[PDB]
Amino acid sequence: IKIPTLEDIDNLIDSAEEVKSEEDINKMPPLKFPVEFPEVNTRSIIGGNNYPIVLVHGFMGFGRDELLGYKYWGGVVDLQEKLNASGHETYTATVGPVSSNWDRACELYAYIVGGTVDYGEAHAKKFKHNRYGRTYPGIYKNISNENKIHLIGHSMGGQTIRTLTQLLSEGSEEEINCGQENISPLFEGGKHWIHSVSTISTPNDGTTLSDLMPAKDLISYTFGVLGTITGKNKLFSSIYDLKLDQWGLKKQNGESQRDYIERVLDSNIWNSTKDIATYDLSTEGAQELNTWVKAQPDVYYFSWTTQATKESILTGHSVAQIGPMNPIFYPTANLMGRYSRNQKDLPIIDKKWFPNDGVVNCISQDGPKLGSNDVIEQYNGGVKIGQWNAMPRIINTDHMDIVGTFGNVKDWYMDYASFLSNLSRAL
Ligand SMILES: [K+]
Ligand SMILES: [K+]
Ligand SMILES: [Zn+2]
Numbered sequence: 018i019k020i021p022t023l024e025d026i027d028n029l030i031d032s033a034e035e036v037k038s039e040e041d042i043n044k045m046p047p048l049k050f051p052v053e054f055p056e057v058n059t060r061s062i063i064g065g066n067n068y069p070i071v072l073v074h075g076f077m078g079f080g081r082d083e084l085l086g087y088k089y090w091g092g093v094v095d096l097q098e099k100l101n102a103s104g105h106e107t108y109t110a111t112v113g114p115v116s117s118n119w120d121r122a123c124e125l126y127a128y129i130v131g132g133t134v135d136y137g138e139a140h141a142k143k144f145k146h147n148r149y150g151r152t153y154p155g156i157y158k159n160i161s162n163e164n165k166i167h168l169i170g171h172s173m174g175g176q177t178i179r180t181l182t183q184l185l186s187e188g189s190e191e192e193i194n195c196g197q198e199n200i201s202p203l204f205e206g207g208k209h210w211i212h213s214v215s216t217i218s219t220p221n222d223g224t225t226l227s228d229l230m231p232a233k234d235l236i237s238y239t240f241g242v243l244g245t246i247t248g249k250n251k252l253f254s255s256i257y258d259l260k261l262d263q264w265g266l267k268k269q270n271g272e273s274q275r276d277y278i279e280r281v282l283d284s285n286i287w288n289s290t291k292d293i294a295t296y297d298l299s300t301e302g303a304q305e306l307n308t309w310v311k312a313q314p315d316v317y318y319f320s321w322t323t324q325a326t327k328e329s330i331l332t333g334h335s336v337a338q339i340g341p342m343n344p345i346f347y348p349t350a351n352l353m354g355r356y357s358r359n360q361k362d363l364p365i366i367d368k369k370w371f372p373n374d375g376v377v378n379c380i381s382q383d384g385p386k387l388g389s390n391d392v393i394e395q396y397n398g399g400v401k402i403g404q405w406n407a408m409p410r411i412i413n414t415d416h417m418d419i420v421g422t423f424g425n426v427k428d429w430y431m432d433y434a435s436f437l438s439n440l441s442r443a444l
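Numbered as in the working numbering, the sequence shown ends at 444 without a single skipped number.
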């Protein structure tokens, strides 16, 4: 009926599942990776790679040094550590939790290479924000056409990694042509640093959760969800940063976390620019991204779809599955599960959009289709470069469960890392 905001923090905390110990997560049934790499049981794989994985969080995800150690990737299980311990070189990148995909891609570039974020003169002028952002040391500084990586992005992270791959490969005409000093190499094109792009629970065609909500309310709701993890009091402690430096929205000297959050929530940013996550998450905004962010011909693309709704036999609406769906997502799942729209200049939303994972419509997750020329095929026991390999649906699994909040997923990720290591070179 009603999506809660911070006004309803008490009821959210009340309805929420308790955070579990690592021991208790390990007692849950492990998620099973569904396939073997093609031909592994018919012949020798001879063309594999040693490229590392870089993990990229979604909307309202935070870094390894935030949330008092609770990890985006695995929660109380440190998936990065487990992957490295089992021989799968893995890093974690951290970008703006509520910034646009463009801004996040520029941040991701700097996070990997090292240096100061550069959003582009042209872009920064157009959207009226700073050209330069924060400074990072670099987690994989030697990245190159020879030293490629596998990008894995959850939620909005999947849009962000598509966007980085587009910019690396083809650059930005607007940036190239504006005649700025010391253009970021990101915008020049010609870089083939990415071997694969994997999206997990990604709004590749947006999510109608953004369409149906006022932006401020969506953000406020998501602070509520964060609170179910941090605890309602620790939610207002200095254990996370919204990273809106470019907008002049850093926490002020002497400002409390609570005052900082209220100030950001009350900002004009949420209804006054398209250069923000809430726009980029909407179906209109995702469609716009899709009109220029294409699947590159020399990169493997994989998509994973989560679902935790069932169809109501009475109305045809999709509703939360009791058990699999976090109770915090009951209202979001149920509103998306009955949201239609047939309005000029906007994507037509019909019953195919109803099934969801609490946050993102299932139909949106297999790859970009709105405004896209990308090819999508369901995985058929062979991998195809330059197009989307839409992998077997991850049913009975909500939006956060697939990153360990809450689920036993470490073996799935280790098996996926093994799978990715078999991928052979572009011809
Ligand atoms: K909206
Ligand atoms: K769940
Ligand atoms: Zn921007």
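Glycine included, C-beta positions come from ideal geometry on N, C-alpha and C.
Tell me whether residue i, by its Cβ, gets closer than 8 angstroms to a heavy atom of ligand 2.
i	result
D95	no
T349	no
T414	yes
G92	no
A312	no
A325	yes
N425	no
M45	no
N285	no
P341	yes
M431	no
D418	yes
Determine the closest residue to residue i out of the options, with distance taken between C-alpha atoms.
i	options	result
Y68	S213, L266 and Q382	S213
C123	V73, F436 and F240	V73
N118	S172, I30 and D315	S172
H416	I393, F346 and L444	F346
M408	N250, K260, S218 and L352	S218
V93	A303, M431, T422 and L125	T422
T216	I193, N199 and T323	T323
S255	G265, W264, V242 and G271	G271
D27	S38, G248 and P220	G248
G131	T239, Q360 and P202	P202
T308	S389, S284 and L259	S389
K327	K49, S116 and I412	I412
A110	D25, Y157, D31 and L100	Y157
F79	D383, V420 and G424	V420
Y87	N199, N221, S38 and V281	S38
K386	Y396, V376, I402 and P364	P364
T152	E191, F240, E98 and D262	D262
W287	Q197, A232 and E279	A232
Taking the DSSP output, what are the residues bridged to residue i?
i	result
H209	Looking at the DSSP assignment, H209 forms no beta bridge with any residue, so it has no partner.
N378	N373
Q395	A407
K88	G92
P47	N425
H167	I70 and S213
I402	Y317
Can you name the start and end residues of the alpha helix (DSSP H) that residue i belongs to?
i	result
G174	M173 to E187
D27	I26 to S32
Taking 8 angstroms as the cut-off, is the CB of residue i close to at least one heavy atom of ligand 3?
i	result
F144	yes
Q263	yes
residue 4	Within the shown structure, residues of the chain are numbered from 18 to 444, placing residue 4 beyond reach of any answer.
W119	yes
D297	no
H140	yes
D428	no
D391	no
Quick check: does the Cβ of residue i come within less than 8 angstroms of any heavy atom belonging to ligand 1?
i	result
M230	yes
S189	no
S116	no
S218	no
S227	yes
Under DSSP, the beta strand (DSSP E) around residue i begins and ends at which residues?
i	result
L72	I70 to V73
Under a CB-based cut-off of 9 angstroms, is residue i close to chain D?
i	result
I293	This model lacks chain D altogether; it includes just one protein chain.
Inside the segment 279 to 366 only - beta strand (DSSP E) runs reaching at least 3 residues
317 to 321, 326 to 328 and 335 to 337
For the segment 95 to 164, which segments carrying the beta strand (DSSP E) assignment without a break, of at least 3 residues, lie completely within its bounds, in sequence order?
Correct list: 107 to 110, 132 to 135 and 149 to 153.
Threshold first: 3 residues or longer. Then list the beta strand (DSSP E) segments lying entirely within the segment 188 to 272, N to C.
211 to 217
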